[PDB]
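This report refers to the structure that appears directly beneath it.
First listed ligand is number 1; within each ligand, the first listed atom is number 1. The residues of the chain are indexed from 1 along the displayed sequence. Values below: all heavy atoms of this structure, side chains included; hydrogens, waters and symmetry mates excluded.
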Amino acid sequence: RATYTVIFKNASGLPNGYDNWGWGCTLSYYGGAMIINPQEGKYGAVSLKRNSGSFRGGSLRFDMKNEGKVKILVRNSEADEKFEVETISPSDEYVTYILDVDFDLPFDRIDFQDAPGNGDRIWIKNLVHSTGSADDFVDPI
Ligand SMILES: OC[C@H]1O[C@@H](O[C@H]2[C@H](O)[C@@H](O)[C@H](O[C@H]3[C@H](O)[C@@H](O)[C@H](O[C@H]4[C@H](O)[C@@H](O)[C@H](O[C@H]5[C@H](O)[C@@H](O)[C@H](O[C@H]6[C@H](O)[C@@H](O)[C@@H](O)O[C@@H]6CO)O[C@@H]5CO)O[C@@H]4CO)O[C@@H]3CO)O[C@@H]2CO)[C@H](O)[C@@H](O)[C@@H]1O
């Protein structure tokens with residue numbers, strides 16, 4: 001049976017138990033979205049750092065709208081190893097994504113990066129991990 005971990009639903013600030021180790025951007029919160037404002041030329045990203053513990057495999061589910069391509073990554077801090085999950089095409093409307101994480105190590109950071117590096121904004125809501133697969137994801141949101 002999959003275990004679901006809600007990271008944030010509607011965001012009014014950083015999720016409880018997380019820090020932001022991102023770069024090249026600032027975060028703001030409005031309309032229930034975590035909003036990433038990347039700086040042109042920086043290929044900026046939010047990097048949500050889980051302060052206690054790690055996730056293992058499974059899948060990540062989130063709602064996103066985004067002016068440019070967004071690269072999703074995860075990282076293992078002990079090994080300082082990053083793992084690219086997917087790149088997501090621009091959408092002016094929120095879309096729900098459920099993506100398998102095939103990384104062989106635990107992960108404690110989740111990154112959303114401005115892949116083109118032009119400063120395109122990113123809006124995120126309803127970020128949830130499951131220990132199970134994307135195909136098997138029963139959405140608690
Ligand atoms: O929370 C409190 C806690 O803090 C701990 O300290 C934190 C600190 O708060 C936090 O700020 C810090 O965050 C770091 C983070 O750990 C790093 O991983 C991250 O590193 C960035 C880096 O800053 C960027 O410069 C770099 O940018 C890359 C870009 O990612 C890449 O895509 C771009 O690729 C180009 C390439 O250059 C070209 O050649 C060509 O190929 O094109 C590609 C594009 O496709 O290149 C850029 C560089 O030019 O990215 C990395 C990430 O990969 O930086 C942030 C800071 O901004 O983290 C520390 C912890 O380590 C305290 O330790 C603790 O005590 C306290 O409680």
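Annotation: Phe62 is in aromatic contact with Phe112 [ring centroid separation under 6.0 Å]. Ring-centre distance between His129 and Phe137: not below the 6.0 Å cut-off.
Judged by the 6.0 Å and 45° rule, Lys125 forms a cation-pi pair with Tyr94. Taking the centre and axis of the six-membered ring of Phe55, the NZ or CZ atom of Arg50 falls inside the cone set by 45° and 6.0 Å.
Under a 3.5 Å cut-off, the side chain of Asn20 and the backbone N or O of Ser47 do form a donor-acceptor pair. No donor-acceptor distance shorter than 3.5 angstrom exists from the side chain of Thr131 to the backbone of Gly58, with no hydrogens or angles considered.
Around ligand 1 you find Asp19, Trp21, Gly22, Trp23, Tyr43, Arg75, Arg109, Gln113, each with a heavy-atom distance below 4.0 Å.
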